[PDB]
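Note that each Cβ is placed from the backbone with ideal geometry, even for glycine, and that neighbours are counted across all protein chains shown. Please treat every number below as a calculation from the coordinates, not as lab data.
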Amino acid sequence: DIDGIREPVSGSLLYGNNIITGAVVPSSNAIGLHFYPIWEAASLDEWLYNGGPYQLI
Amino acid sequence: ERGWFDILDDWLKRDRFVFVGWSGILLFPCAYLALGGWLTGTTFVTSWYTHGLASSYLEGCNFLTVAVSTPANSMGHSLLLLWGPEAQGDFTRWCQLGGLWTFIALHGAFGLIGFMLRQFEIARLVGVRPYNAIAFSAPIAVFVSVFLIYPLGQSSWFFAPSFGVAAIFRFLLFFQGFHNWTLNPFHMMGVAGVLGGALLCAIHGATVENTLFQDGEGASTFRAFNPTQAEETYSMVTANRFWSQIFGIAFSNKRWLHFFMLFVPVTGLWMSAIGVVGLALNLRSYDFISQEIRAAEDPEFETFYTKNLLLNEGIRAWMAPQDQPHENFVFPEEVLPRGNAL
Amino acid sequence: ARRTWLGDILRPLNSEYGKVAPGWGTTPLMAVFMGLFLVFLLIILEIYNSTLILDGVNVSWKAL
Amino acid sequence: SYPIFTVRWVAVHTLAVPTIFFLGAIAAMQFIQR
Amino acid sequence: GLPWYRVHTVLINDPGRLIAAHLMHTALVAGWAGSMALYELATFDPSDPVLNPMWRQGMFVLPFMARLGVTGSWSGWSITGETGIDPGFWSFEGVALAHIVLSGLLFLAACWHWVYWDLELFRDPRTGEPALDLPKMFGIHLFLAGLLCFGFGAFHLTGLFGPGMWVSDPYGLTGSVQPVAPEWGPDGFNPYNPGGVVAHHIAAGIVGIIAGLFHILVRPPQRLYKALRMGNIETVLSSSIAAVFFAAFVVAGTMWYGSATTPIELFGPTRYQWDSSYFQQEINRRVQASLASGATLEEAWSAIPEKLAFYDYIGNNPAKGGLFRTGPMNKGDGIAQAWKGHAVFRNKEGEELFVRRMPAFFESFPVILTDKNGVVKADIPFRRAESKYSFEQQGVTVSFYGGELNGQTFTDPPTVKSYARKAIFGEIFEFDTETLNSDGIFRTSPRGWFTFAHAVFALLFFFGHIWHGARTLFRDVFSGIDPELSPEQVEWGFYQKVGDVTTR
Amino acid sequence: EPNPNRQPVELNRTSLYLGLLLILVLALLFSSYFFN
Amino acid sequence: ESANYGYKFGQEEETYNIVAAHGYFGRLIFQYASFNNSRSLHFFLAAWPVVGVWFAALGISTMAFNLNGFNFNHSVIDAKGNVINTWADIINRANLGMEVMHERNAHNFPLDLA
Amino acid sequence: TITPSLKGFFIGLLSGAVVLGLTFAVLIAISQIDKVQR
Amino acid sequence: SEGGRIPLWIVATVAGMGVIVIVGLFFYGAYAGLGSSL
Amino acid sequence: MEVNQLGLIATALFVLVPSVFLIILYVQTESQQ
Amino acid sequence: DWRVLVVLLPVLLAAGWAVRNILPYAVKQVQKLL
Amino acid sequence: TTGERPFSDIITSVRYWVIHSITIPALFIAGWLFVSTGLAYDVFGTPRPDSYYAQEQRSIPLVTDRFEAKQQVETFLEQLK
Amino acid sequence: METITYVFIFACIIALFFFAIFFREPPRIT
Ligand code: CLA
Ligand code: CLA
Ligand code: CLA
Ligand code: CLA
Ligand code: CLA
Ligand SMILES: CCCCCCCCCCCCCCCC(=O)OC[C@H](COP(=O)(O)OC[C@@H](O)CO)OC(=O)CCCCCCCCCCCCCCC
Ligand SMILES: CC1=C(/C=C/C(C)=C/C=C/C(C)=C/C=C/C=C(C)/C=C/C=C(C)/C=C/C2=C(C)CCCC2(C)C)C(C)(C)CCC1
Ligand SMILES: CC1=C(/C=C/C(C)=C/C=C/C(C)=C/C=C/C=C(C)/C=C/C=C(C)/C=C/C2=C(C)CCCC2(C)C)C(C)(C)CCC1
Ligand SMILES: CCCCCCCS[C@@H]1O[C@H](CO)[C@@H](O)[C@H](O)[C@H]1O
Ligand code: OEX
Ligand SMILES: [Ca+2]
Ligand SMILES: [Cl-]
Ligand SMILES: [Cl-]
Ligand SMILES: [Fe+2]
Ligand SMILES: [Mg+2]
């Protein structure tokens, strides 16, 4: 959910992307500039929905 | 056999401040006319009758917004010769009809031919290999494909790039909105060639400058070089170790290094040229069909590819009526694609 | 090398390697034909381009 | 000693002369009012 | 050893094996022509030259056979719709077969010339070294080409002894292979006069014969020989490549703009016919003619041939495809089945409205309806909340005349809007999208692909010309510059004339 | 008789690496468009 | 053979003639536009793209604080006050397309202020 | 018939010939005057 | 007459100042009259 | 995803034919004395 | 058109003046090369 | 060196400046006049600020025919009263 | 299938990095 409007954008190959369209998607607009490490999430599923991998990377 | 041809040859190849050569006969007038044409046009000539645009200093444009604009779409691919059936020898009308655009593009084409011929000619006189000319084939491919072939594939010269800073920016944005040119693997190869070339330029220059031998006492290291010296001025061995250890691999062969510096940007430009030749026919890399099938059926499926298409659709609808005045597009507000609020 | 019947027949056709006419030879003549050719090309180009428009020459599918 | 009128002289002036003329023109344009 | 990119240079001083390599190349190309023809014949549907002609089916070599008079299959059909025809041996299959057999023969000949490379013929009589007299070879080959050119024009194209060529009416309705008389006046240089093609091959043929004799009999001037390095076969490579990219640009252009040698029934319509509404104008002219003769609207439009209507549709525009949208046009919008008839849109006041047609530039286009004066009268709104011109507000209806929907009128907004959406593409057709599993996305025609391939190859061959010309003129420094290059030869003023040591 | 024009061909290891990198990267680039 | 074999890694002597390259390039343009000094040449090769890309980076970094590109939208006006379009205005039309379509569901208020 | 554009064609042709002709006339004249020493 | 009399630094300075004047004039022109948006 | 199935073989050959070319050239280079 | 002579007159007085100053050296150069 | 007088030699000579302190301002003034007399407008066919539109018109005088383009422009220019 | 293809090509490239770095032709000073 890059823009924080509960409209998830698919970035990975397994979820329908090729090399050209694929991406690691920026963390959610609801997060803004907040620091969002894995341990700030209630679960990995949450962390992934909100685009945590982007910040880690 | 010292006839007039050989005497003329003598004179043309004199060692003067500006070398002329046989090639100069083609090069200097055409280059001068293309340049002078652009300066004249951008200073004094309008695009009112062809585009509905002011485009000259005289009209109040600045360096970023002046242009020599393409002719009206109704001119087709007319050569727009001054003595041609459209201008009929009238300089003023010719200017108003966009004759300067073909003037500049054509004298420019032959000027480029002249410059490459000059590279060959001087190479041959001095005794070096003609790799500079060969490398110059890439700018010529770019020019020819973008300014000649591309509009020749389209309806008219109108859709060629106009000769101006902002005019070219428009050309870029147009290619995104209509051609999805960023998606084109040929453009992508061009980008790799250009950024990779800039990269090589920087890394080679920097490497040389930071592996210099101390061949002098001064803190300014520039003085410690003599053009006729036999020795290398920097350490290839140290350079090689540094890069092997920093980055894993390194050049070890200087000739290959400099050949590679020729090869990368030249090849990139040639690839981009091929892509534009495709766009001449609207043979675009516009879509991924699998993406469209999935997205058409599945309204929760979204990628950066579909997002970008929405952007292109915006570009087309919002810029087409003013950018293509001859089409007389009347797009009522209600048909304009817009997201919420904006 | 190896001789053949066909090879012996053709031998004269490949026997004047490097033979030239002195000096400029027929170059002026050549230059004249090249000039003519350039004008010819110019003509068919400008006809195709509708820069040159001739009576009875309608550059269109509606020619026939 | 040196010649005055050379290929370089010509090359310099074919660029220089119009350049000054144009700079005058553009300078004048700065005072045009709509 | 040789770098990988130089492996073929072993042929430069080996005329026999050069000939073998050329033979092998020729065998490969003939083999490709044969195989390609067979594949096309295996996939071609001859059953509807009206709505499923060859250019809809991705046929590339079929039109080139058809162009010069091969129009029939041994199986009894012809591309013009006749059945029960006997094409003789020179059917499509016959041509393909002939090319395959030629390929085999050339292959065998290539082996022979590879093995028996050391023929006396290839040695200079005086020196015993390999040598080709390129000036005389050029004369010989140019003479042959002149003969062939002349014979092609005088016998084949005229039908004097041969079939002629594909000719058609200006709207590509009634095309067939016909004998063509040469046009000897200025209209011979009109690209749309086929008579000009004939005249060209006769005249250029004769000129080629004369010039051939000349190049056989008259040696090169010493100065041109030196200047062009005529003793070096690579000079011939350089200039031949130049001639070839010249030719390639020309055929790309005539394929894209159209000419007598690129008929729309063989390669499809041009983009410019859509740009200028070329077919729409003829359609309207015919309909107006019928109305003027007292016919009803339905009669006027029903009299329009489906073939004509089908030309007036943007899905046949070669500028509507994509680089990676592969295959025949049928794979996109489908296999055309029938003209639905001409859609006439009216608003509640009974004004006729006209859909704004899609320009070739646009992947997508809004649906906008104007009156005859160009005033916007209806549209399909994006934002509904301040819509003023919706079909629902304006009471837009569509009536069809001619085609399968002749006499019908639809009034429900969704249907009317469907038809308006189709109407931006021009005339509306029923398509079979199931058979090929068509995806609904436009593909370009063989005109498009031919043009693309050849512009690209022309452009790359320019580089070939530059490379080999450079190699020819700079052979002496190919491996590097003189180790003993005197600094004063390259420094300024030392010589009066650059690179001329006699001018110090 | 043996042809005197025959030459040995070479491809060094660095050229193999460069070439392989070229082919694999080109494939990585074009594959999306081939699958489309 | 490949010309590359003419250079051997670690050899002390230069593998090309900079004087010949200079003679050539100097004649291509004019003598004083060509580098005879390899150090100053290679410095130039380093400096140009590095400085350029520094400016590119600074562009992104300062537009990060919304000091944006030149705006000449409706800069040219005729005697009556009619807007005379320039290429800047066409650019603006394209920009408007991008602006109104991007993140189509994310804005509730009329100005996109970040 | 001489169309206006055919006339225009001949004018362009003659213009070119005059330009090239003057150029080479001047070039040959200068080349003859200012010879190289050998 | 004889080359070298007027010191090159003075020439450079005067030239530079001329350039500054003319470009200054153009930037002034961005805010006045045509192209000023007013 | 409804990709074009020929993509697979198109990619495979695209990788394999030239790679193999290089490999042949390289190995016979190494086996030369 | 008076504006044509009005615009050309400065350039003509310029060319004429430079000719005034440079004529003896120019004749010296033409004499020397001949 | 290629024989021509060094530029530093020339541009610091008094004679150079005697000549060019005249020829340069003269050219500048000629360009200035070329605009200020309005001659540039007429030469290149560029609209003056009051000549882009007729008083009430807001439509562009766009050229729409190839061979009648000249006549079209002349007509547009006539229509400016 | 596409995914497998993409990832495979990618994996080959990483392998190539490995060999190009650790099993390179040693540069040898002469
Ligand atoms: C010197 C190199 C050079 C070259 C290669 C070009 C090339 C061009 N010029 Mg440029 N030009 C030049 C110098 C050059 N110019 C100079 C010095 C000037 C200032 C005078 C100009 C001023 C100029 C203008 C104002 C225009 C051009 C235009 C053109 C284009 C069309 C030219 C054409 O059709 O000529 C055709 C003529 C020839 C090719 C001459 C060939 C001569 C043959 C070989 C000999 C036979 C002639 C025969 C004896 C004559 C018989 C006449 C009889 C039938 C009555 C072409 C790109 C036009 C353009 O760009 O429109 C877009 C245009 O309007 N040029
Ligand atoms: C006597 C009667 C006669 C007649 C009726 C014809 C008729 C014709 N000739 Mg033939 N010809 C004749 C005698 C005749 N010829 C003789 C005696 C010779 C000498 C052997 C020729 C040599 C000749 C040549 C070389 C060509 C013709 C062509 C033609 C065709 C011209 C129409 C066309 O489509 O042009 C289309 C082609 C052009 C208008 C030429 C384009 C020139 C290009 C623009 C030059 C620049 C190319 C440039 C490098 C491209 C890159 C730039 C670009 C990418 C932007 C027409 C069929 C042309 C043709 O075959 O067309 C298919 C052609 O190229 N003729
Ligand atoms: C032996 C006789 C022969 C005959 C009768 C045919 C007949 C045919 N061939 Mg086949 N072909 C042959 C040999 C032959 N071929 C050989 C030896 C090869 C291997 C090179 C081929 C490879 C081949 C391919 C790849 C294709 C064909 C195709 C065809 C069909 C279309 C021909 C066409 O459009 O040409 C067009 C040819 C030209 C336009 C040639 C013009 C040559 C240029 C203009 C000459 C310029 C240089 C010249 C020297 C200039 C000097 C001229 C002078 C007079 C001034 C037709 C059935 C097409 C087909 O339909 O396949 C099924 C096709 O795609 N052929
Ligand atoms: C002149 C060349 C040419 C042209 C114009 C055509 C045209 C056509 N072919 Mg034919 N064909 C050809 C040669 C050609 N063919 C050859 C040589 C073969 C044998 C392989 C075939 C075998 C063939 C088959 C089996 C089929 C066709 C079909 C078709 C039709 C559909 C084309 C399509 O979808 O392309 C798609 C085009 C692309 C996807 C573009 C590819 C671009 C490449 C990948 C660029 C490569 C990049 C490169 C690696 C970069 C290097 C960089 C490096 C140098 C640094 C079309 C009419 C189809 C048809 O409809 O038949 C009825 C069909 O099934 N063709
Ligand atoms: C008539 C056409 C023609 C012919 C006969 C030649 C012949 C030659 N070229 Mg030239 N060249 C040409 C056109 C031609 N070239 C074109 C159009 C270009 C621009 C792309 C070049 C650019 C070029 C360069 C840069 C070089 C040569 C070199 C050579 C020489 C060695 C070639 C070799 O060993 O490759 C061996 C090639 C391989 C082992 C594999 C190549 C695979 C290619 C890249 C892709 C596959 C293509 C496919 C099989 C067929 C597609 C055909 C297409 C036309 C449809 C040989 C004399 C070399 C040379 O001068 O040596 C001293 C050299 O360095 N050529
Ligand atoms: C002093 C101005 C600094 C400007 C920014 C930095 C430029 C130099 C750094 C480039 C980095 C490249 C990578 C290392 C490259 C590298 O190794 O450099 C090496 C090169 C030579 O080094 P030396 O040791 O001989 O000299 C540096 C010190 O040791 C002092 O002697 O250094 C220089 O030439 C410094 C020049 C300073 C003066 C430069 C002025 C440039 C400004 C010109 C105006 C530009 C304005 C553009 C506006 C559009
Ligand atoms: C077109 C034409 C022609 C031609 C003309 C000409 C040839 C012209 C020229 C012209 C010219 C030749 C002009 C010039 C101009 C210039 C200018 C206008 C300049 C400006 C500059 C400036 C402004 C500067 C700036 C700067 C920079 C850039 C950087 C550094 C800093 C500074 C600031 C200094 C003829 C007649 C043949 C024919 C018709 C058409
Ligand atoms: C021996 C013999 C025989 C047989 C023969 C045969 C059987 C043949 C076949 C042949 C063939 C069957 C051939 C084929 C060929 C083919 C080819 C040669 C192809 C090529 C292709 C290409 C080259 C392509 C390329 C590409 C691609 C792939 C992609 C896209 C791009 C391009 C297009 C580039 C007979 C009995 C007759 C008799 C005598 C003996
Ligand atoms: C609700 C739809 C009623 C009107 C029918 C749609 C316009 S026409 C329709 O268009 C399809 C392409 O989308 C074709 O595949 C099909 O053959 C054709 O019937
Ligand atoms: O997030 Mn991504 O993009 Ca920077 O503006 Mn606001 O926010 Mn969104 O809208 Mn526009
Ligand atoms: Ca006012
Ligand atoms: Cl977005
Ligand atoms: Cl908001
Ligand atoms: Fe270097
Ligand atoms: Mg102002």
Report summary line: The answer for E:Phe429, listing residues at least 5 apart or on another chain whose modeled amide H is closer than 5 Å to its amide H, is E:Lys340
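All other residues with a Cβ under 15 Å from the Cβ of B:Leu112 taken together, and with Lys, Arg as +1 and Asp, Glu as -1, what is their net charge?
0
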Query raised in the report: If you count, for each residue, the other Cβ atoms within 10 Å and average over each peptide, how do C:21-27, G:51-57, B:47-53, E:62-68 line up from highest to lowest?
Result: B:47-53, E:62-68, C:21-27, G:51-57
Report summary line: Between the Cα axis of helix G:87-101 and the main Cα principal axis of chain G, the angle (0 to 90°, nearest 10) is 70 degrees
Query raised in the report: Say the cut-off is 22 Å between C-alpha atoms; which of E:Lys377/E:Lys417; C:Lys62/L:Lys70; E:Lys320/E:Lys372; E:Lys136/E:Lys226; E:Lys372/E:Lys422 go over it?
Result: C:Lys62/L:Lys70; E:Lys320/E:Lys372
Requested in this report: Hey, can you grab everything whose amide H is under 5 Å from the amide H of E:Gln496? Only 5+ residues off in sequence or another chain; H modelled, so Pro and N-termini drop out.
Outcome: E:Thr503, E:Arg504
Query raised in the report: So what J values fall out for the range B:233-249 if you push phi through Karplus, 6.51 cos²θ - 1.76 cosθ + 1.60 with θ = phi - 60°, rounded to Hz, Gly and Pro as x?
Result: 8, 9, 8, 5, 5, 5, 3, 4, 5, 3, 6, 4, 7, 7, 10, x, 10
Query raised in the report: Can you list the residues, at least 5 places off or on another chain, whose amide H is less than 5 Å from the amide H of A:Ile2, using H built in the peptide plane?
Result: A:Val9
Requested in this report: Can you put B:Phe304, E:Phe245 in order of Cβ neighbours within 10 angstrom, beginning with the fewest?
Outcome: B:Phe304, E:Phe245
Query - Label-point separation in nm, A:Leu56 to C:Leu64, each point 7 Å along Cα→Cβ - result: 7.7 nm
Query raised in the report: Per residue of chain E, what 222 nm ellipticity follows from adding -39500 (n - 2.57) for every DSSP H run with n ≥ 4, rounded to the nearest 500?
Result: -13500 deg cm²/dmol
Report task. With everything on Cα atoms, drop me the angle between helix E:92-115 and the longest principal axis of chain E, reported from 0 to 90° to the nearest 10. Result -> 20 degrees
**Report entry** Projected label distance in nm at E:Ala227 and L:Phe7, using a 7 Å step from Cα toward the beta-carbon
**Finding:** 3.6 nm
Report task. Would you mind pulling out the separation of the Cα centroids of the range B:1-75 and the range L:1-43, in Å? Result -> 21 Å
Query raised in the report: By its C-alpha gyration tensor, with a ≥ b ≥ c as the square roots of the eigenvalues, how is the range E:271-443 shaped: rounded for a/c under 1.5, else prolate for a/b larger than b/c, else oblate?
Result: oblate
Requested in this report: Classify the protein assembly as shown as rounded, prolate or oblate, taking a ≥ b ≥ c as the square roots of the eigenvalues of its Cα gyration tensor: rounded when a/c is under 1.5, otherwise prolate if a/b is larger than b/c and oblate if not.
Outcome: rounded
Query raised in the report: What whole number of Å gives the distance from the Cα centroid of chain F to the Cα centroid of the range E:325-350?
Result: 47 Å
Requested in this report: State the Cα centre-to-centre distance between chain H and the range G:42-97 in whole Å.
Outcome: 45 Å
Query raised in the report: Just how large is the dipole of the protein assembly as shown about the Cα centre, in debye to the nearest 20, putting +1 at every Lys and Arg Cβ and -1 at every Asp and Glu Cβ?
Result: 3980 debye
**Report entry** Karplus-derived 3J(HN,Hα), 6.51/-1.76/1.60, for each residue of the range B:116-133, Hz, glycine and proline x
**Finding:** 5, 4, 5, 4, 4, 5, 5, 3, 5, 5, 8, x, 9, 6, x, 6, 5, 4
**Report entry** Under the Karplus curve 6.51 cos²θ - 1.76 cosθ + 1.60, θ = phi - 60°, whole-Hz ³J(HN,Hα) for the range A:41-50, x wherever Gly or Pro sits
**Finding:** 8, 6, 7, 4, 5, 4, 4, 6, 4, 8
Report summary line: Longest principal axis of chain E (C-alpha) makes with the long axis of helix E:413-423 (C-alpha) an angle, in degrees to the nearest 10, of 30 degrees
Requested in this report: Using only the Cα atoms of chain B, build the gyration tensor, take square roots of its eigenvalues as a ≥ b ≥ c, and label the shape rounded, prolate or oblate: rounded if a/c is under 1.5, else prolate if a/b is larger than b/c, else oblate.
Outcome: oblate
Requested in this report: Could you order peptides E:330-337, B:139-146, A:6-13 by the average number of other Cβ atoms within 10 Å of their residues, highest first?
Outcome: E:330-337, B:139-146, A:6-13
